[PDB]
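This report refers to the structure that appears directly beneath it.
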Amino acid sequence: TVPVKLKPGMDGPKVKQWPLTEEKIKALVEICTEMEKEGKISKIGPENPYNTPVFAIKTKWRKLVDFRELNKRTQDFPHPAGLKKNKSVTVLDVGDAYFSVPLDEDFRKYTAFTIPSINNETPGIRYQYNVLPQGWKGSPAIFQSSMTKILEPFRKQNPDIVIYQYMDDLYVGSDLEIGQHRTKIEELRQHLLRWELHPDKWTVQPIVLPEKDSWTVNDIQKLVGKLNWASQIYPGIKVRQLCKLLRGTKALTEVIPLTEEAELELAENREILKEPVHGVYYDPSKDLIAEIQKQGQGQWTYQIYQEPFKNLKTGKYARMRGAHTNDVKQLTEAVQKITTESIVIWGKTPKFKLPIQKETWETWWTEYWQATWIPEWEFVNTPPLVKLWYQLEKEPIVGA
Amino acid sequence: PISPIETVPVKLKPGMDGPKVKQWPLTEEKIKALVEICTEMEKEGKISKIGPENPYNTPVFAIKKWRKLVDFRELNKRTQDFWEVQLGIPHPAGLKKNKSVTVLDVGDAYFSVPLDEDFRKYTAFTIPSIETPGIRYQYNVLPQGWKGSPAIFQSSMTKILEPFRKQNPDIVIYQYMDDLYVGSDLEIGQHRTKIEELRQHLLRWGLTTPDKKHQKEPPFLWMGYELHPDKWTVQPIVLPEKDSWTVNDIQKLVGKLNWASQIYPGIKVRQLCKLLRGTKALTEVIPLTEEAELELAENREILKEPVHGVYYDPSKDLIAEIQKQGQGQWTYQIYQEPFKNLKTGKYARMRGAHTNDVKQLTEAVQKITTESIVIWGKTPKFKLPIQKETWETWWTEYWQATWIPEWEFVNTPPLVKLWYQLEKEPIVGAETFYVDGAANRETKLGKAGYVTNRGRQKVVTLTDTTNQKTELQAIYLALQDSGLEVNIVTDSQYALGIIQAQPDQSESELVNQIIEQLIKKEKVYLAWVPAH
Ligand SMILES: Cc1cc(S(N)(O)O)ccc1NC(=O)COc1ccc(Cl)cc1C(=O)c1cc(F)cc(C(F)(F)F)c1
């Protein structure tokens with residue numbers, strides 16, 4: 001085993017376990033006993049003060065540990081820009097690989113986790129890892145030499161296919177037709193068994209200003225307000241001529257004929273929004289940020305950026321079948337999608353700005369989480385304009 | 001007797017050292033009592049007579065025959081941290097009904113467990129003299145009052161318990177501080193035998209169980225409740241009768257009464273709380289008002305109510321009904337079968353900066369949901385005083401992500417509804433007030449008013465005001481002077497928020513007035529436009 005340590009001055013994580021459903025507790029209990037036997041983990045005393053949240057996801061349960069805090073405190077240790085171009089990418093869960101590898105003995109105490117007992121009837125069961133834990137930053141790292149080795153063949157055999165490893169995940173991307181792609185994957189899983197994304201289509205949609213037979217005082221008002229704000233992203237947007245028609249105290253419903261200057265002004269603005277603001281470039285030294293707005297009726301808008309108004313990417317996510325009566329479900333779904341694209345494109349997860357109440361999210365997000373990694377997040381209060389603005393994003397002619 | 005169980009490796013906090021606290025000098029009458037108590041422990045193997053080698057020391061005292069008290073506050077400051085000793089406490093509403101239960105006070109099981117030999121030296125203390133060298137000792141077992149003792153004990157029990165636990169699944173043991181709560185549904189004969197079996201097993205590890213004398217018997221007092229076999233009750237709540245009430249008394253009283261509002265229906269403390277206004281001292285005597293006297297009266301009577309509940313039958317549904325007692329005040333009860341509650345509650349009015357009832361409704365739903373999961377590990381089926389069409393109309397459009405687990409409508413007034421819904425579009429044929437308000441934020445002098453499309457106008461002069469207040473006031477006037485249908489334009493940023501969240505309650509009296517007004521209109525359209 002190689003000696004791993006925490007960043008200088010960093011102490012072990014002591015994150016409190018959130019309550020879990022009986023169903024989930026039973027599951028973890030079963031899962032952990034089995035691991036205990038296989039010597040993957042061991043019960044621990046109270047002398048170990050650390051702890052990390054744990055839970056179960058998905059028809060059987062998979063154990064998911066929340067190592068965000070530990071990953072952060074773990075000492076530090078490349079991205080293939082070609083992945084983002086590939087026609088299709090399939091993701092694979094390779095966390096099982098780790099269990100074989102032993103975790104340095106002196107570091108194990110920091111992986112300590114707790115299984116909760118319903119109605120505090122019994123103190124929870126304490127465990128710590130002996131082997132590489134899935135979800136920990138160090139695991140994919142430590143098990144790197146080993147991963148290359150097992151990948152070399154397939155890679156060298158197919159230099160046309162790009163493979164990228166993120167945490168427990170492996171993103172394999174090629175250009176073959178759908179069938180020939182899925183075939184190459186199995187050839188890989190088989191290769192691994194012995195030890196559906198599409199980037200080229202992720203098109204950047206533009207902001208689209210309304211167009212009306214006739215405009216009303218209101219129509220302009222709402223319009224001028226949005227253009228004004230948007231002025232922060234495109235300095236060339238002008239509302240002068242538009243604000244002139246808005247002179248006086250007419251009824252909000254009265255129709256205003258447009259001057260030709262206003263018509264041109266509107267035209268220049270439409271042309272400016274035709275494309276994404278210039279000079280936006282990704283910076284590795286800076287964190288990625290993803291903001292989500294609830295547009296409502298299953299529609300959501302997001303923008304990935306590092307500097308305000310300098311979007312690296314923006315998009316729309318429509319809820320998925322069988323998620324209607326659940327806001328939280330849609331949101332977690334979208335968070336996972338966006339995080340995925342984020343990894344695919346930059347090889348890292350963005351910190352999230354979620355339009356939801358801390359308590360609301362922390363009570364139900366795990367119920368629909370399906371990735372092995374967990375992004376960072378913070379809760380916010382959507383500024384009405386930001387919402388109105390991206391609500392203006394263009395959509396397919398008929399669809400797709 | 002001590003236990004033949006492995007010790008847990010204890011360490012002192014990072015780099016710090018063992019305590020060197022001077023021994024508080026005592027009287028010959030106390031030294032004698034300690035010397036004795038210590039000789040008894042010494043023979044029990046709990047403490048070891050030691051030499052000068054030890055540079056550490058903790059103060060020992062004498063309280064009441066006499067009882068010894070060692071002050072480890074210092075050692076505790078220098079002792080490593082442990083996994084928090086179960087912080088959440090067991091709630092009666094979460095107890096499955098067992099046919100039989102037995103309490104086993106593994107009391108001084110603290111002294112029952114050995115101390116990591118490596119660590120014992122830091123526990124050294126000294127029995128003074130009548131000037132001459134005192135008698136030195138050190139603990140060979142978990143000390144009473146020491147930081148890690150509770151944690152270690154609990155764990156020790158745990159190991160010891162693993163076997164039996166594993167051998168008798170149809171049985172349940174609840175670990176809590178000094179006691180073990182053991183229940184089952186076998187036959188009283190069989191149960192009793194297991195108890196005796198467990199008991200016996202414990203002694204097998206130097207851990208000895210109670211005496212027919214200390215054995216506690218139902219009902220059981222759990223956090224103010226009384227635990228009866230087939231149901232639970234509340235220990236009687238006593239409201240002292242006096243002719244002289246001090247501040248302290250009233251607060252104390254309000255305290256006890258607040259807790260009671262959880263279990264008892266109808267408890268009120270408004271008038272009593274009023275008494276605290278401008279109080280200058282705790283010992284200050286505040287004469288009860290007439291209303292205060294009555295309130296207190298009616299409450300004395302409500303506490304004469306035999307409030308009771310049932311236990312947890314997992315094989316049965318879990319239901320939670322909610323009511324809106326007042327604006328921001330919510331009451332709820334969780335029962336499996338009608339009228340047989342397991343637990344009930346009320347959430348103190350929340351004073352947000354701005355929000356609405358449907359929102360507050362989900363918040364109640366969410367605190368309850370989290371509660372349930374801790375108590376039962378499941379989430380209840382909700383009976384909420386709100387229509388499905390209402391819920392649907394609000395949630396689908398609200399800027400924030402929200403949700404309510406499976407629920408159903410229960411028509412039990414008052415019902416929670418949307419007090420108003422701003423128009424999606426400008427209203428045709430409705431006046432259009434262009435409102436606006438400005439004010440020297442420094443001189444706090446300002447004006448506000450409007451100018452409708454129909455030519456109507458106004459401006460009001462205001463002193464001691466802020467720009468926000470003027471703007472909102474501009475909106476308020478518009479609302480006043482308008483008809484049941486009105487369009488309002490405003491460059492107010494705070495109005496933008498209203499359009500988004502359409503709050504029906506806030507912290508500003510102003511907003512409040514506006515809301516009242518909004519509520520009263522038949523149709524309102526609020527449009528925002530940038531300033532200048
Ligand atoms: C109160 C009672 C007496 C009898 S009996 N043996 O007839 O006297 C049988 C069942 C019950 N009660 C029940 O059915 C439900 O209660 C229980 C069901 C199972 C178990 Cl093991 C304990 C209780 C308790 O009453 C209880 C009492 C306490 F002081 C503290 C605690 C706790 F562990 F949570 F801290 C639990």
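The way I read the labels, and the way they are meant: chains A, B, ... in the order of the structure tokens, residue 1 as the first residue of every chain, and ligand 1 as the first ligand shown, with later ones counted on from there.
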
| task | Write as number ranges by chain the residues around ligand 1, taking 6 Å as the cut-off and counting only C-alpha atoms and all ligand atoms. | result | B: 90, 95-101, 172-174, 176, 181-183, 218-222, 227-230, 311

Counting only C-alpha atoms, which residues of chain A sit at most 8 Å from some atom of chain B, and what is each one's closest atom pair with its distance in Å to one decimal, listed by chain and rising residue number, as CSV?
residue,atom,partner,partner_atom,distance
A:19,CA,B:374,CA,5.8
A:20,CA,B:377,CA,6.4
A:21,CA,B:377,CA,4.3
A:22,CA,B:377,CA,4.8
A:23,CA,B:377,CA,7.9
A:45,CA,B:155,CA,7.1
A:46,CA,B:83,CA,5.2
A:47,CA,B:82,CA,5.2
A:48,CA,B:82,CA,6.1
A:49,CA,B:83,CA,4.2
A:50,CA,B:83,CA,6.8
A:118,CA,B:377,CA,5.7
A:119,CA,B:375,CA,4.2
A:120,CA,B:90,CA,5.1
A:121,CA,B:174,CA,5.2
A:122,CA,B:175,CA,5.7
A:123,CA,B:86,CA,6.0
A:218,CA,B:426,CA,7.2
A:221,CA,B:529,CA,5.9
A:222,CA,B:529,CA,6.8
A:224,CA,B:529,CA,7.6
A:225,CA,B:529,CA,5.6
A:228,CA,B:530,CA,7.6
A:249,CA,B:453,CA,5.3
A:250,CA,B:453,CA,5.1
A:251,CA,B:453,CA,5.3
A:252,CA,B:432,CA,6.2
A:253,CA,B:428,CA,6.1
A:293,CA,B:399,CA,7.5
A:294,CA,B:399,CA,5.5
A:295,CA,B:399,CA,7.0
A:296,CA,B:397,CA,5.1
A:297,CA,B:396,CA,5.4
A:298,CA,B:396,CA,7.8
A:325,CA,B:403,CA,7.7
A:326,CA,B:403,CA,6.1
A:327,CA,B:401,CA,5.5
A:328,CA,B:401,CA,6.4
A:331,CA,B:401,CA,7.7
A:355,CA,B:400,CA,5.2
A:356,CA,B:401,CA,4.8
A:357,CA,B:401,CA,7.4
A:359,CA,B:366,CA,7.6
A:360,CA,B:366,CA,6.8
A:363,CA,B:370,CA,6.9
A:381,CA,B:400,CA,7.8
A:382,CA,B:399,CA,7.1
A:383,CA,B:497,CA,7.8
A:384,CA,B:500,CA,6.3

| said: Which of region 192-297 of chain B end up as alpha helix (DSSP H) when DSSP is run on this backbone - answer as a PyMOL selection string? | reply: chain B and resi 192-203+247-263+270-274+290-297

Output file for the selection above: N, CA and C atoms, as a compact mmCIF listing (two decimals), in the first residue's frame:
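Resulting contents of result.txt:
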# COMPACT_ATOMS: atom_id res chain seq x y z
N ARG B 192 -39.49 -13.55 30.44
CA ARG B 192 -38.83 -13.60 31.73
C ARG B 192 -37.56 -14.44 31.74
N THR B 193 -37.60 -15.56 31.04
CA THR B 193 -36.45 -16.45 30.98
C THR B 193 -35.30 -15.81 30.20
N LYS B 194 -35.64 -15.08 29.14
CA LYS B 194 -34.63 -14.42 28.34
C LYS B 194 -33.97 -13.34 29.16
N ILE B 195 -34.80 -12.53 29.80
CA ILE B 195 -34.28 -11.47 30.64
C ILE B 195 -33.19 -12.10 31.48
N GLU B 196 -33.61 -13.09 32.27
CA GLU B 196 -32.72 -13.82 33.15
C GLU B 196 -31.51 -14.33 32.37
N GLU B 197 -31.72 -14.64 31.10
CA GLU B 197 -30.63 -15.15 30.30
C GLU B 197 -29.69 -14.01 29.98
N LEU B 198 -30.26 -12.88 29.58
CA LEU B 198 -29.44 -11.72 29.26
C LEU B 198 -28.70 -11.38 30.54
N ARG B 199 -29.48 -11.02 31.56
CA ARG B 199 -28.92 -10.67 32.87
C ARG B 199 -27.70 -11.54 33.11
N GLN B 200 -27.94 -12.85 33.18
CA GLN B 200 -26.89 -13.84 33.41
C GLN B 200 -25.68 -13.61 32.50
N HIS B 201 -25.95 -13.43 31.21
CA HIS B 201 -24.89 -13.22 30.23
C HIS B 201 -24.02 -12.02 30.62
N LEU B 202 -24.67 -10.96 31.08
CA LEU B 202 -23.97 -9.75 31.47
C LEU B 202 -22.99 -9.96 32.61
N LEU B 203 -23.45 -10.62 33.67
CA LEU B 203 -22.61 -10.90 34.83
C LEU B 203 -21.39 -11.65 34.36
N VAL B 247 -41.18 37.83 36.95
CA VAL B 247 -40.89 37.63 35.54
C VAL B 247 -40.49 36.18 35.36
N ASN B 248 -39.45 35.79 36.09
CA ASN B 248 -38.92 34.44 36.05
C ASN B 248 -40.03 33.39 36.04
N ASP B 249 -41.01 33.57 36.92
CA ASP B 249 -42.12 32.64 37.05
C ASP B 249 -42.92 32.56 35.75
N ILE B 250 -43.23 33.72 35.21
CA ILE B 250 -44.00 33.81 33.98
C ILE B 250 -43.30 33.17 32.80
N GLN B 251 -41.99 33.33 32.72
CA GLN B 251 -41.21 32.75 31.64
C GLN B 251 -41.19 31.25 31.81
N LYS B 252 -40.92 30.85 33.05
CA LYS B 252 -40.85 29.45 33.42
C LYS B 252 -42.17 28.83 33.01
N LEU B 253 -43.25 29.49 33.42
CA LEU B 253 -44.61 29.07 33.12
C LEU B 253 -44.86 28.97 31.62
N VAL B 254 -44.52 30.04 30.91
CA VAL B 254 -44.69 30.08 29.47
C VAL B 254 -43.92 28.92 28.88
N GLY B 255 -42.75 28.66 29.45
CA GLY B 255 -41.94 27.57 28.95
C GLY B 255 -42.70 26.27 29.02
N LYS B 256 -43.09 25.89 30.23
CA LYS B 256 -43.82 24.65 30.45
C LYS B 256 -45.08 24.60 29.56
N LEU B 257 -45.80 25.72 29.47
CA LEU B 257 -47.02 25.79 28.66
C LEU B 257 -46.76 25.65 27.16
N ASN B 258 -45.60 26.11 26.70
CA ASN B 258 -45.29 26.00 25.29
C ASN B 258 -45.17 24.52 24.93
N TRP B 259 -44.44 23.78 25.76
CA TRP B 259 -44.24 22.36 25.55
C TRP B 259 -45.55 21.59 25.55
N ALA B 260 -46.49 22.07 26.35
CA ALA B 260 -47.78 21.42 26.47
C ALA B 260 -48.64 21.62 25.23
N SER B 261 -48.42 22.71 24.51
CA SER B 261 -49.21 22.98 23.33
C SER B 261 -48.95 21.91 22.26
N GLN B 262 -47.90 21.13 22.48
CA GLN B 262 -47.56 20.09 21.53
C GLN B 262 -48.55 18.93 21.65
N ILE B 263 -48.82 18.56 22.90
CA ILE B 263 -49.70 17.45 23.23
C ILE B 263 -51.16 17.86 23.40
N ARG B 270 -50.44 33.94 24.64
CA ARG B 270 -50.37 35.32 24.16
C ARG B 270 -50.43 36.33 25.29
N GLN B 271 -51.50 36.26 26.08
CA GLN B 271 -51.71 37.17 27.19
C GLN B 271 -50.63 37.05 28.26
N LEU B 272 -50.16 35.83 28.47
CA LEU B 272 -49.11 35.60 29.45
C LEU B 272 -47.80 36.20 28.93
N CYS B 273 -47.53 35.98 27.65
CA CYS B 273 -46.33 36.51 27.03
C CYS B 273 -46.36 38.04 27.15
N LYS B 274 -47.53 38.63 26.92
CA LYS B 274 -47.68 40.08 27.02
C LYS B 274 -47.07 40.63 28.30
N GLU B 290 -56.41 40.78 33.37
CA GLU B 290 -57.65 40.04 33.49
C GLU B 290 -57.60 38.90 32.49
N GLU B 291 -57.15 39.21 31.28
CA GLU B 291 -57.06 38.21 30.23
C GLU B 291 -56.06 37.14 30.63
N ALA B 292 -54.95 37.58 31.19
CA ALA B 292 -53.90 36.68 31.62
C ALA B 292 -54.45 35.69 32.64
N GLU B 293 -55.23 36.20 33.58
CA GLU B 293 -55.81 35.38 34.62
C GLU B 293 -56.75 34.33 34.07
N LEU B 294 -57.49 34.70 33.03
CA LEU B 294 -58.45 33.81 32.40
C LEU B 294 -57.73 32.74 31.60
N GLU B 295 -56.79 33.17 30.77
CA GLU B 295 -56.00 32.26 29.95
C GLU B 295 -55.49 31.16 30.88
N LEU B 296 -54.63 31.58 31.81
CA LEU B 296 -54.04 30.70 32.81
C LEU B 296 -55.11 29.79 33.40
N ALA B 297 -56.31 30.33 33.54
CA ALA B 297 -57.41 29.56 34.09
C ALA B 297 -57.80 28.45 33.13

| Residues of region 268-383 of chain A in strand (DSSP E or B) according to DSSP, as number ranges by chain? | A: 289-296, 299-307, 310-318, 351-354, 356, 376-379

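Checking B:342, B:69, B:171, B:127 one by one against residue 184 (chain B), counting only C-alpha atoms, you find the shortest gap at B:171.
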
Contacts of residue 136 (chain A) at 7 Å (only C-alpha atoms; same-chain gap of 3+ positions) as a PDB file with N, CA and C atoms, in the first residue's frame:
ATOM      1  N   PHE A  67     -18.270  11.041   0.043  1.00  0.00           N
ATOM      2  CA  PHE A  67     -16.902  11.446   0.372  1.00  0.00           C
ATOM      3  C   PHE A  67     -16.474  12.860  -0.019  1.00  0.00           C
ATOM      4  N   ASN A  71     -12.748  13.876   0.202  1.00  0.00           N
ATOM      5  CA  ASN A  71     -12.062  14.143  -1.042  1.00  0.00           C
ATOM      6  C   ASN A  71     -11.378  15.493  -0.898  1.00  0.00           C
ATOM      7  N   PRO A 133     -12.088   2.763  -1.301  1.00  0.00           N
ATOM      8  CA  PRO A 133     -13.526   3.037  -1.274  1.00  0.00           C
ATOM      9  C   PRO A 133     -13.970   3.659  -2.589  1.00  0.00           C
ATOM     10  N   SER A 139      -8.998   6.867  -4.692  1.00  0.00           N
ATOM     11  CA  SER A 139      -9.178   5.561  -5.315  1.00  0.00           C
ATOM     12  C   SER A 139      -8.849   5.536  -6.816  1.00  0.00           C
TER      13      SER A 139
END

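Here CA of residue 388 (chain B) and CA of residue 362 (chain A) stand 24.9 Å from one another.
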
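Near residue 367 (chain A), within a cut-off of 10 Å and counting only C-alpha atoms, sit the residues residues 21, 24, 55, 56, 57, 58, 328, 329, 332, 363, 364 and 370 of chain A, with same-chain residues fewer than 3 positions away left out.
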
Near region 236-243 of chain A, within 6 Å and counting only C-alpha atoms, which residues show up once chain neighbours fewer than 5 positions away are dropped, as a PDB file with N, CA, C and O atoms, in the first residue's frame?
ATOM      1  N   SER A 231     -28.206  43.610 -21.405  1.00  0.00           N
ATOM      2  CA  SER A 231     -27.208  44.592 -21.783  1.00  0.00           C
ATOM      3  C   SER A 231     -25.906  44.317 -21.058  1.00  0.00           C
ATOM      4  O   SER A 231     -24.844  44.794 -21.460  1.00  0.00           O
ATOM      5  N   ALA A 262     -36.846  52.178 -34.151  1.00  0.00           N
ATOM      6  CA  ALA A 262     -37.128  51.137 -33.176  1.00  0.00           C
ATOM      7  C   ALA A 262     -37.036  49.795 -33.864  1.00  0.00           C
ATOM      8  O   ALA A 262     -36.542  48.832 -33.280  1.00  0.00           O
ATOM      9  N   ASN A 269     -30.355  44.347 -32.362  1.00  0.00           N
ATOM     10  CA  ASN A 269     -30.340  43.515 -31.173  1.00  0.00           C
ATOM     11  C   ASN A 269     -30.531  42.028 -31.508  1.00  0.00           C
ATOM     12  O   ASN A 269     -29.877  41.161 -30.916  1.00  0.00           O
TER      13      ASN A 269
END

| task | Just the residues within 9 Å of residue 302 (chain B), please, counting only C-alpha atoms, with nothing from its chain fewer than 4 positions along; format it as a count of residues only. | result | 6

| Any idea what's packed within 8 Å of region 314-318 of chain A, counting only C-alpha atoms, ignoring anything in its chain fewer than 5 positions away? Could you give it as a VMD selection string? | chain A and resid 204 to 205 298 to 304 334

Check which residues of region 196-287 of chain A sit at most 10 Å from region 344-352 of chain A using only C-alpha atoms, and return one row each with the closest pair of atoms and their distance in Å to one decimal, ordered by chain and rising number, as a tab-separated table.
residue	atom	partner	partner_atom	distance
A:197	CA	A:344	CA	9.4
A:199	CA	A:344	CA	8.3
A:282	CA	A:346	CA	8.4
A:283	CA	A:346	CA	9.7
A:284	CA	A:346	CA	8.6
A:287	CA	A:350	CA	6.9

For the selection just defined, write its residues with N, CA and C atoms to a file, as a PDB file, in the first residue's frame.
ATOM      1  N   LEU A 197     -24.580   9.050 -24.373  1.00  0.00           N
ATOM      2  CA  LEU A 197     -24.448  10.488 -24.597  1.00  0.00           C
ATOM      3  C   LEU A 197     -24.064  10.800 -26.041  1.00  0.00           C
ATOM      4  N   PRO A 199     -22.306  14.239 -27.609  1.00  0.00           N
ATOM      5  CA  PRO A 199     -21.761  15.600 -27.587  1.00  0.00           C
ATOM      6  C   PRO A 199     -21.917  16.417 -28.862  1.00  0.00           C
ATOM      7  N   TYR A 282     -12.539  28.622 -21.172  1.00  0.00           N
ATOM      8  CA  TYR A 282     -12.447  27.882 -19.923  1.00  0.00           C
ATOM      9  C   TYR A 282     -11.084  28.039 -19.231  1.00  0.00           C
ATOM     10  N   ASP A 283     -11.123  28.222 -17.916  1.00  0.00           N
ATOM     11  CA  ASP A 283      -9.925  28.379 -17.114  1.00  0.00           C
ATOM     12  C   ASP A 283      -9.870  27.263 -16.084  1.00  0.00           C
ATOM     13  N   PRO A 284      -8.830  26.426 -16.144  1.00  0.00           N
ATOM     14  CA  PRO A 284      -8.657  25.308 -15.211  1.00  0.00           C
ATOM     15  C   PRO A 284      -8.428  25.759 -13.765  1.00  0.00           C
ATOM     16  N   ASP A 287     -13.064  27.578 -10.743  1.00  0.00           N
ATOM     17  CA  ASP A 287     -14.118  26.600 -10.599  1.00  0.00           C
ATOM     18  C   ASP A 287     -15.201  26.815 -11.631  1.00  0.00           C
TER      19      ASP A 287
END

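Comparing the minimum interatomic distances between residue 226 (chain A) and each of A:389, A:164, A:368, A:18, counting only C-alpha atoms, we find that A:389 sits nearest.
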